[PDB]
Every structure is written in C-alpha cells, then in structure tokens.
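Visitor: Below is the structure I would like to discuss, written out as structure tokens.
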Amino acid sequence: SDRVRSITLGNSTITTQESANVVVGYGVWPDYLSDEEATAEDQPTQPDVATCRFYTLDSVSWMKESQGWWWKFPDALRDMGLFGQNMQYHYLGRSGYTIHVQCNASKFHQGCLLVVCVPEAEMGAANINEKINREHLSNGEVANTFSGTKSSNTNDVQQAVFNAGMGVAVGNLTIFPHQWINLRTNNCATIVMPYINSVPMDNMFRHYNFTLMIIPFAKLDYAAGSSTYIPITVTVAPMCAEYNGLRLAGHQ
Amino acid sequence: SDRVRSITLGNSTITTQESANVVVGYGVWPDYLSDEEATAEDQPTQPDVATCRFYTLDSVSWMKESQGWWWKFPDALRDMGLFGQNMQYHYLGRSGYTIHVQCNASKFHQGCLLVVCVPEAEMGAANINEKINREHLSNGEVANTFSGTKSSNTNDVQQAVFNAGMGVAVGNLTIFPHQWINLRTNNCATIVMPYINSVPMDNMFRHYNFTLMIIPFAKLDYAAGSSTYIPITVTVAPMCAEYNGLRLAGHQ
Amino acid sequence: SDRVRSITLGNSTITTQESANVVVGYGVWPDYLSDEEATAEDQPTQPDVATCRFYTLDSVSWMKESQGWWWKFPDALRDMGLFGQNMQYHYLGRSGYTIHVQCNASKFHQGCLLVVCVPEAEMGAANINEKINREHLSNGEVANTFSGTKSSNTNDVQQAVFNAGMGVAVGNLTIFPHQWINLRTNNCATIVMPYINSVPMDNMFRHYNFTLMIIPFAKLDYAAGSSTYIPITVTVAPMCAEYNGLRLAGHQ
Amino acid sequence: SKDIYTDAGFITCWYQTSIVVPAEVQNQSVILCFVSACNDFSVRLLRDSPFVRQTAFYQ
Amino acid sequence: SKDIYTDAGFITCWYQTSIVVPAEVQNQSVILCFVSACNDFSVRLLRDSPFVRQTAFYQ
C-alpha cells in the first residue's frame, strides 16, 4: 500500500500508516545556496544533521468550537536545540523545511482540517491604526488562536477565521502548498518548503519566512461516548540549513 | 483495487467505490440489429447519445419490514426525456439496458438485497379468474410493492414474496442475471441486459421486455441510534437503441 | 492480499481471511523418519490421510478476567478418530503437527493473546514435595486453566500466569514458536511443529511432546452492548505420522 | 428417491467459536445457504415428477 | 457579467438515496465544494474589477 511512509532525518524518524500522499513544496526540493547566486563572502557553516532533524512543537487541543491556530516558523524554532543556537550566533541563515502535521481519531469521528504554509503572511491589526506587539504575532512554539467574531484586543492581530488575519477569503488559501487532514482518511501533512525569499540569505529574527495555519473547515463532531480530547501535534524539520556571519550571542 | 468502477454513457457518469464485480448480462453485449436478421425495410433511427444515457427512477424506502419492489422497464422509461419521445413516435423499437442499482449504509448496518432482471415475468392475479389493470402491473417510474401475506385487492397482482408474483420458489430466481447488495460489501448492481425477445424488433408499449425486482432476503436491521432512513436508488440506461416505423404520437 | 490463507489436509480445509502470516515451526518442515537415523526394525505404518487431518478440540470461553489455558498434544488427540486408535495399538509413534488457533471479535473489541508451543513443559506442583495426578497435567481435549494468585489444590499443578507453571518469567516464553492473536488484526495461529525429541520414535502415552498455551497479555475489554461471549477454538492436525510395534490395545 | 441402500450422509454446521460484535451493533444475524452441482454431475432415468398433480382439465 | 444572451445553465445536487450511519455515529455531516478551470479555459477583455472601491487616498 502507498498509505505508509517513513521519513528519516538526522537521528529522528516518523512513520505513518494512514498517509494519503506526502505533500511536498512548490515542485522545488531544498538545496544549499549555489556560489553563482551568493552574496556573502566568508565560508558558510553547513553545521550537520545537528540542525537537520525533527523538532516537536506544543500540542493544541481541537474542541468542537475551535477556530484555528498559527505559527511563525523561523521564530518558532528559536529554542529547539543547536538549530536555535546557530540562530543566536550568526547574522545570516537559510533553510528549507519539512513540516509534518499529525492528528488522529477513530472511525466514528468526523471533521476536516486545512494545513497551509503561507509565505509572507503579514497579519493585520485588530484596531486599525495601531502597533502590534511581537508576542501576538509569534509566541515561539506556542500557537496563537483565531476567533469567530472580530477581535478588539489592544496591540493585537485581527483574528477572524473568515479573513485569516490577512484580509482575504479563507477559501482562497488553497493557492499555497497545503493539505487536508480529513479524519476519515488522512495524516500525511508534509509540506517540504524550499527557501523562499527575495534575497539569497536572510536574518532569522528580523524576518518571518512563512506561517503555518491549521483551520478546521468541517468542525470536529462525535457522538457521546467517544474520546473527547483530540490533540494535534506539529513536527518540523530544517533542511539544508546554513549559517553565515558569526558574531556574539544575539537577541532573545 | 478492483472495488472502484466508472461507467460513462452519453453525458452521464456513475462512479462507485464499493463495487464487487460489475454484473453484466447473459454473456452477450448489446449491439445494433444486423441486416441479416432484420425484418423491417425502412432505414432505422439510431438516434444518438440522446437516448443512450442514464435516467434515475424514483427512490423506494427500505424499512425493517419491507418486502420487495418491482418495475417494468420498456414502460418505466416512458417519460424519461427523448427516449420516451421516440417511444411515442415509432411503432417498432429495440434496446439493451445497463441497469445500475445503488444503495448504501454504514458498517454497523446489516441486511442483504437480491436484484434480478427477469425476462417475460408474467404476473398472476390476486383473485384467480379476473382481469388485471395495467396500473397494478406497471406504474411507470413508481414501484409496485410485494407483500408478505397473500393479497386480495380487486384487479390486482397476487403479491407474495415467497412466490414472486409468478408462482415459483423465490430462491430459484438466481437463474436470471442478478446480483446481491450485501450491505457488508456491495453496491455494484449492473445487469447489462441485451435485447431478448422472439422477434427482431418489438413495440415498446404493447410488450414488457423484462422486470427488475429488488427483494431483501436478509432484512435490514440496525441498532438504536443509526440512520433509520435508508433509500434505494435505481438508475437505468438504454444501450444501442433504435427505432422504426415513424407515425403520429402514440398511446399515453 | 496476503491476509487470506487456505490449509488443506486429508478431507479437511481451513480458510482464514484475516491471517497475518501463517506461523510455521523452527524452520524445519515435518517429514517421515529416514532409515539412516532409524532404530526400530520392522516396517512402519504410514497409515494414510486417515490420521493426517484436522481435529477440533473443545472451546474455552474468554472472559474479562480469564488467565490462560493449556493442552498436552500427543495426549489431547487420544480419542480423535483413527489417530487415537493407532495410539492404542502401537508402541512407538511419531508425528509433526499443524496447530491452527482461531478466535474472532468485532472492531470495537480489544485484547491480545499469546499462543505458544513449548516442548517438554514439565509443570511444577502446587504444594512442593508432593505428587501430581495425571488429570491435572493433561485432561484430554479439555483445557486446564491457569490462575492469577498462587494455587494450593492438593496433587495439582502450581498455576500462576506470571510463572506459567514451569517457573520462568512469562514474558520470556517468546523464545518458542508462537504467535499473537491481537483482535485488532489476527487469526493466523499456525505453528507447524516438526517432530522434536531426543530419540527417533517415542511412546504417545508415556511421553508428552509439547504444550500449547494461550495466555492473554492484554485482557479482553469491550463496551456495554457488544457480544460478551467470545469463544476460542483450537484445531490441530498430525503431519507425516507413522507407527511401529503393533500389539494388543493399550492404556485408556 | 429414498432407499436404504444408497444413503448419502449428513451436512451439519457448528458454532466453533462465537459471534463477536462491538457495542451498538446487532448481535442476531443471518446466514444464507446456496446449492449447485459440480462439473461431474449426471442424471439418468427419465420419470415423471412426483410434484405435478392434476384432477381435471384446466379451462 | 450577466446578459440574457449568454446564459450558461444550472448546477444542482440531489439526495439520490440517503445517508446511512450505524448507532452512536453522528448523522449530520458536511460536504465541501471546490471549483477550478480546465486546460481549455480562456479570458479575453481587460476591464477593471467591480469590487475595488476607493473614496479618498490612503494615507
């Protein structure tokens, strides 16, 4: 069967038995920066498998009236072992990513999830002409949560699901690399993002590269007696990461 | 997997994912009448895909104590688009048929159906030496229903399931082209009947060619909380139909 | 699919549709005794398919707090047709065995069984320095049952599951040819034991060759409304049996 | 027909283990039995069937 | 846009039979509908979209 997939990176391995098709990127596979498109002059640090491995983020709980969660991924991996340590000592860095989102239920359950990677998802503010705090955009490994109604918390992101924070129709987010976790048949949420930017290397802290969003379009629904606690676990790997411009320890 | 089948006719397409084996005919596939077995002299009307396409009949509801339903198929397709219109303007006509019967449930359900095409199923009357009205034999696209006990409605068909209207043992009806819809594993009720008669062309109204019967041998049975409304949908196509002897509009 | 297996012996046939892999022996297949390792001088009786066929033993009921059952197999087949009759007329005999253990449930059930064939499973007594009656070791086709606590019946076997009667750790019994019947996915309990002894032929009554044990490690557990009666059926075949030293009828 | 010289045997079916169902699934189910003949089956002496019975002409 | 000369038809979906579920399974479920274009789709006359609206300059 093609429902089974093993993914091996570093000293970490993910096995899935209800994959559908491992979704992977814009057609492009991640690779190291060539020296014909390069800008910086000193020797890069291709560190090892010590960064190119899976890291598990926190789990979010999918209830009957949950709306959606999001992450910012160069910033979410900022305390995840030696990867984050390289972020704190180098000025420029660069990596693709293997995102694998897991979630499981039983056959008596129903509900459908959308898992999108959105490049440059510049969020809009809840009150219009007002600053946004960094803790409301990216909270590290901890997810920020959309709402159903419009939000009006001060110095916060406008969080409605039907506008996705950015101000578009949420059914139009299937233009980005995505999958669905239909609980009837899926768990295979890969998106192997390449490096996507407008410059050959970039700073990990000053720039957010993309945004993972997990939005349930068909909400979770079950009969009385089934397991009511259904977690969603997000695991993320850097691929072909390299670092440049070593100096003192950075901005925590 | 061989559980999946697509059937394409005209501008209509049926997809099934729990087929078992598409059942098809006496071994013979339908074909147009050759000119070495032909009788009528003027040019036939092989109309188009405008008749060779699927038509959906009415749905019958399968309850716990339902007994069986039947149709008469040159007569059941008498208001089904241009097919029926050709029936009203020609004297002689001829076609095979692709019958596809659909029915679905869940895995907590149980029950088994028999789907038979019976050529020349001449029904017997409820009171013995008395005429039968045409509305009790064929009611168009609307099914007539068998009973459990013997029936005594006036000018009506003797409708017991254990004699099938004709006067035989109902377990002997597997001599005709058939299938079973076991709700454990099926939906694949094709019977691709060829043209079967004792004359090379025949009248659509004055003669009934065959009779579809759907008889549950293992009755529908479920626990409390499952879906109690289970419909059964019958879809039927003419194949290689042709028409002959055009005159004024016929007998409605 | 490789989940399906047919096993044909004599005039008997077992079909399984949820096999996993038919487990079979120490790598060795049973075969008749060669004449270069033989000891007895007269012509052996390779009787026919009349012994090499399946026999069904009694069924044991698997409850929520059941502990384990055992058999002694040259002695358990002592009234099973002509096989047992040959045991009563010959002094020396020899056979391999095809053991097939069956057990089934639904998908809402859970529980896991261990099926081991243990050669020379010499049981220990409940009170220490005291004889054991033969009816407590082998009760024919009727299973003896382990317990949870230590036992102190007189002239009886020490029956704790966590010592398996013999005095070892019960998680170490996977060194012998075995399977698991996980009710999630199995029924395929073959063990095709060869002839294993330290002599080329042996007496069927005076010696027990091996011991079948069915021990639930993950106990049977279901929700209210499922079928509470779950039987376990053990079917056993002799293979390449032969007999030697014919005399009067033996020891019942 | 029945004579004692050509007795043919018996056909029995046995609960071997059990029927095992989960919760909220109906326990009582139904087996259907079929019969047919193989490719070595043969019949020999034409007689009239003992099931046809007529008293007067059908008119 | 809408004119009567280039009407294009109707899209309907029909309960054909039913939704059949076992016990302790939720009856009410949800269909999601997608739309896209084929490999013979083409657009022709550049105009401005009727959805952009501006009253004053954004500052």
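We label chains A, B, ... in the order they appear in the structure tokens, count residues from 1 in each chain, and number ligands from 1 in the order shown.
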Identify all chain B residues at most 7 Å from chain D by counting only C-alpha atoms; ligands do not count. Present them as an NGL selection string.

Guide: :B and (108 or 218 or 222-223)

Visitor: So that I can check the surroundings of residue B:89, please list as a ChimeraX atom specification every protein, DNA and RNA residue that reaches within 6 Å of it, counting only C-alpha atoms and ignoring chain neighbours fewer than 5 positions away.

Guide: /B:246-249

Visitor: For C-alpha atoms, I'd like the residues from the last selection saved as a short mmCIF file (atom, residue, chain, number, x, y, z; two decimals), in the first residue's frame.

Guide:
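Output file again_11.cif is given in full below:
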data_model
loop_
_atom_site.label_atom_id
_atom_site.label_comp_id
_atom_site.auth_asym_id
_atom_site.auth_seq_id
_atom_site.Cartn_x
_atom_site.Cartn_y
_atom_site.Cartn_z
CA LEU B 246 -42.42 6.65 -37.63
CA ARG B 247 -46.04 7.86 -37.42
CA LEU B 248 -48.15 10.22 -35.27
CA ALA B 249 -47.82 10.49 -31.50
#

Visitor: Please provide the set of residues having any atom within 7 Å of stretch 190-193 of chain A, restricted to only C-alpha atoms, with same-chain residues fewer than 5 positions apart removed, written as a short mmCIF file (atom, residue, chain, number, x, y, z; two decimals) with C-alpha atoms, in the first residue's frame.

Guide:
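After the write, selection.cif holds the following:
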data_model
loop_
_atom_site.label_atom_id
_atom_site.label_comp_id
_atom_site.auth_asym_id
_atom_site.auth_seq_id
_atom_site.Cartn_x
_atom_site.Cartn_y
_atom_site.Cartn_z
CA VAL A 22 3.11 13.12 1.37
CA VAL A 23 2.68 16.70 0.27
CA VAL A 24 5.97 18.41 -0.68
CA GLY A 25 6.57 22.08 -1.85
CA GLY A 96 14.06 24.74 3.75
CA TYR A 97 11.61 22.89 5.96
CA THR A 98 9.86 19.55 6.22
CA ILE A 99 6.64 20.21 8.11
CA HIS A 100 4.75 17.08 9.15
CA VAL A 101 1.44 17.62 10.93
CA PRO A 177 1.20 24.46 -0.57
CA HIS A 178 -1.31 22.68 1.62
#

Visitor: Taking the backbone alone, and naming residues the way the document does, which bits of stretch 121-236 of chain A are strand (DSSP E) by DSSP, as a PyMOL selection string?

Guide: chain A and resi 144-145+178-182+189-193+210-221+231-236

Visitor: Any chance you could export the current selection's C-alpha atoms as a tab-separated table (two decimals), in the first residue's frame?

Guide:
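Output (result25.tsv):
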chain	number	residue	atom	x	y	z
A	144	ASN	CA	-1.85	31.92	18.63
A	145	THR	CA	-5.53	31.25	18.07
A	178	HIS	CA	-1.31	22.68	1.62
A	179	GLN	CA	-3.10	19.56	2.69
A	180	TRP	CA	-6.27	18.48	4.41
A	181	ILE	CA	-6.49	16.20	7.37
A	182	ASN	CA	-9.84	14.62	6.76
A	189	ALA	CA	0.70	16.61	6.22
A	190	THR	CA	4.06	17.21	4.74
A	191	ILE	CA	4.93	20.47	3.15
A	192	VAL	CA	8.59	20.50	2.19
A	193	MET	CA	9.02	24.21	1.70
A	210	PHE	CA	6.20	31.80	6.36
A	211	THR	CA	3.22	30.94	8.55
A	212	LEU	CA	1.64	27.54	9.22
A	213	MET	CA	-2.12	27.61	9.68
A	214	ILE	CA	-4.40	24.76	10.74
A	215	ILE	CA	-8.02	25.78	10.18
A	216	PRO	CA	-10.94	23.33	10.56
A	217	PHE	CA	-13.46	23.87	7.77
A	218	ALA	CA	-15.63	20.90	8.72
A	219	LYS	CA	-15.60	21.07	12.50
A	220	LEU	CA	-14.89	18.18	14.84
A	221	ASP	CA	-18.05	16.27	15.68
A	231	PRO	CA	-4.77	16.66	20.23
A	232	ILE	CA	-3.00	17.98	17.13
A	233	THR	CA	0.79	17.63	17.02
A	234	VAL	CA	3.08	19.59	14.67
A	235	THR	CA	6.61	18.36	13.95
A	236	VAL	CA	9.04	20.43	11.90

Visitor: Please, which residues of chain A lie no more than 12 Å from chain C when the count uses only C-alpha atoms, and can they be set out as a PyMOL selection string?

Guide: chain A and resi 1+106-108+225-226

Visitor: Need to verify the contact set: residue B:9, 9 Å, only C-alpha atoms, exclusion of same-chain residues closer than 6 positions in sequence. Can you return it as a ChimeraX atom specification?

Guide: /B:49,52-54,237,239

Visitor: Could you write those residues out with C-alpha atoms, as a CSV table (one decimal), in the first residue's frame?

Guide:
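Okay, this is what ended up in part-v4.csv:
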chain,number,residue,atom,x,y,z
B,49,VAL,CA,-26.4,9.6,-27.2
B,52,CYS,CA,-28.2,6.2,-24.6
B,53,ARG,CA,-27.7,7.7,-21.2
B,54,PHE,CA,-28.6,7.2,-17.6
B,237,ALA,CA,-29.6,3.3,-19.3
B,239,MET,CA,-27.9,0.8,-25.0

Visitor: Tell me which protein, DNA and RNA residues are within 12 Å of residue A:131, counting only C-alpha atoms, leaving out same-chain ones fewer than 2 positions away, and put them as an NGL selection string.

Guide: :A and (123-129 or 133-137 or 153-158)

Visitor: So what do you get for atom CA of residue A:6 versus atom CA of residue A:26, distance-wise?

Guide: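 Separation of atom CA of residue A:6 and atom CA of residue A:26: 21.2 Å.
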
Visitor: Calculated over only C-alpha atoms, which of the candidates B:66, B:209, B:13, B:51 has the smallest distance to residue B:87?

Guide: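 Nearest to residue B:87: B:51.
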